[PDB]
Every structure is written in C-alpha cells, then in structure tokens.
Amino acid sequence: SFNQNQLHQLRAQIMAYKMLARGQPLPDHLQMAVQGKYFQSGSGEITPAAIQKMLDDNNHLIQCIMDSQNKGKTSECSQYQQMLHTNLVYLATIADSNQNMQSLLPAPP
C-alpha cells in the first residue's frame, strides 16, 4: 500500500540504481525524484511510514554511492550498492504484490 509519491519515488530510485551501476551521473531531474517531494503495525504488515523510511534510506544510500564513486572508493561503493539493491527488491516486491490486478480475477466462467 504505497501512495503515488512513493511509487514515483521508488521507480526513480530503480532508475538511479541502473545508471549508478553503469558509472553514469544522474540528471538533476532524477536526483530530485530520488529525493522525493504509524511506523509499526499490530499484524506486522508494512505501513506507509515504514515505506517512506526505507525510501529515505535509499536516497541516502545513493548519496553515499556517488560520493564513494567520485572518490574512487571502490569496496565501500559496492557495499552501499548491494544494500540499495536489496532494499529496492524488497520495495518493488511489495509494490507489485499490492498493485497486481490479474491475481484478483477468478477463472473464466
């Protein structure tokens, strides 16, 4: 259960990840989208603030990847990228499971 801003921020971080793994710099349009524009439930289900907390993490991870890159700091760059990647897999998984619409349909009548 993402909100629109969160889905837009997530997809922006997934694109930022791909460019950073290809050494590329980030367009300022993308840099800002990466940054964007109660915390724990009773069941254990994730909450909107939990989602925003992880997306804010990702934004900071991205700042760290670029700083490590631009200083040639290599192994630290990869530990950040692997943390980012694991977060994005997690958020992408939750986003798809809740937004998916085929699985709401029964068999043909």
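Residue numbers here begin at 1 and follow the sequence given.
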item: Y38 preceded by how many uncoordinated deposited residues after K37; value: 10 or more
item: Stretch exceeding the other in mean C-alpha B-factor - 71-79, 51-59; value: 71-79
item: Segment of higher mean CA temperature factor, 24-32 or 80-88; value: 24-32
item: Chain thirds of CA B-factor: placement of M19; value: highest
item: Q102 - Cα temperature factor, lowest/middle/highest third of chain; value: lowest
